[PDB]
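Analysis of the macromolecular model
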Amino acid sequence: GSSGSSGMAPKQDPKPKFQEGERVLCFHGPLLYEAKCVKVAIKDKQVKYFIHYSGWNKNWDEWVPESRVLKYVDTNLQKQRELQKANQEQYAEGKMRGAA
């Protein structure tokens, strides 16, 4: 969407930043995990987004706020990577190795 940014809005719930289908980075602990915006809900005066952990299908999916999601941009990547590399073992723990 490319166009001018002009238009007032009433006193209604806030608008989200990320869109469904767009690849984003969710925060599921001391490490970032690749995910995509499944849905976008708004309540309790906060905007959330149904994340879908790519790692495993329907992996106990959970709802996350707008601060727990990243724009999956270079900047954001700089971290997601720093962590994924900072702690390998931990990241591996839990997962079922294989496919060697």
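To start, this report covers the structure provided alongside it. (Residues numbered from 1 in each chain as written, not as in the entry; some residues may be left out. Heavy atoms only, no water.)

Here we look at the sheet that holds strand β1 (residues 23-27)
- Here four strands make up an open sheet; going across it, the order is β1-β2-β3-β4 and the pairing antiparallel. Each edge of the sheet is formed by a strand with only one pairing partner; in this case those strands are β1 and β4 (63-64).
- Judged from the five bridges that link them, β1 and strand β2 (residues 32-43) form a sheet pairing that is antiparallel. Residue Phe27 lies in a different strand from β2, and its bridge partner there is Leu32. (Pairing = 2+ DSSP bridges. Helix = DSSP H or I, 4+ residues; strand = E, 2+ residues; numbered from the N terminus.)

Some words on helix α1 (residues 74-86)
- For α1, with 13 residues, the first-to-last C-alpha span of 18 Å sits near the 18 Å given by 1.5 Å per residue.
- Those residues of α1 not exposed but buried are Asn76, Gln80 and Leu83. Seen along its axis, α1 keeps its buried residues to an arc of 65°; they face one direction. Residues of α1 that are exposed and point more than 90 degrees away from the buried face comprise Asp74, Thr75, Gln78, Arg81 and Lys85.
- Contacts made by the buried residues of α1 are with β1 and β2. (Expected span 1.5 Å × (residues − 1). Buried < 20%, exposed > 50% of the residue type's maximum accessible area, 1.4 Å probe, protein only. Arc of directions from axis to C-beta. Contact = heavy atoms within 4.5 Å.)

Section: the nonpolar core
- Grouped together as the largest cluster of nonpolar side chains are 18 residues, with contacts concentrated most on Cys26, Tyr49, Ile51 and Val69.
- Elements that contribute at least two residues to this core include exactly β1, β2 and β3 (46-51).
- Beyond its immediate chain neighbours, meaning those up to four positions away, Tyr49 contacts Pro16, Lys17, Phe18, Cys37, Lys39, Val40, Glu62, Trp63, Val64, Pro65, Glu66 and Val69. (Core = buried A, V, L, I, M, F, W, Y, C linked by side-chain atoms within 4.5 Å.)

Observations regarding the side chain of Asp61
- Inspection of the secondary structure assignment puts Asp61 in the loop between β3 and β4.
- Buried and unpaired, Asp61 has no salt bridge, with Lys58 as the nearest side chain of opposite charge at 5.4 Å.
- Among residues more than four places away in sequence, those in contact with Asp61 are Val38, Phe50, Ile51, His52 and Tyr53. (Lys, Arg positive; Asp, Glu negative; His and termini not counted. Salt bridge = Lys/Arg side-chain N within 4 Å of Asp/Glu carboxyl O.)

Description of the pattern of salt bridges
- The final tally for this structure, using the stated rule, is two salt bridges.
- In this structure, the salt-bridge partner of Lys17 is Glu66, at a minimum N-O distance of 3.3 Å. One end of the pair, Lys17, is in the segment before β1; the other, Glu66, is in the loop between β4 and α1, with 49 residues separating them in the sequence.
- When its relative accessible area of 56% is taken as the criterion, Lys17 is described as exposed.
- The salt bridge involving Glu82 is made with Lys79; its shortest N-O contact spans 3.4 Å.

Comments concerning unusual backbone geometry
- With phi around 50°, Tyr72 is a residue other than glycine that occupies positive phi space.
- Topologically, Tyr72 is positioned in the loop between β4 and α1.
- Judged by its relative accessible area of 23%, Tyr72 is partly exposed.

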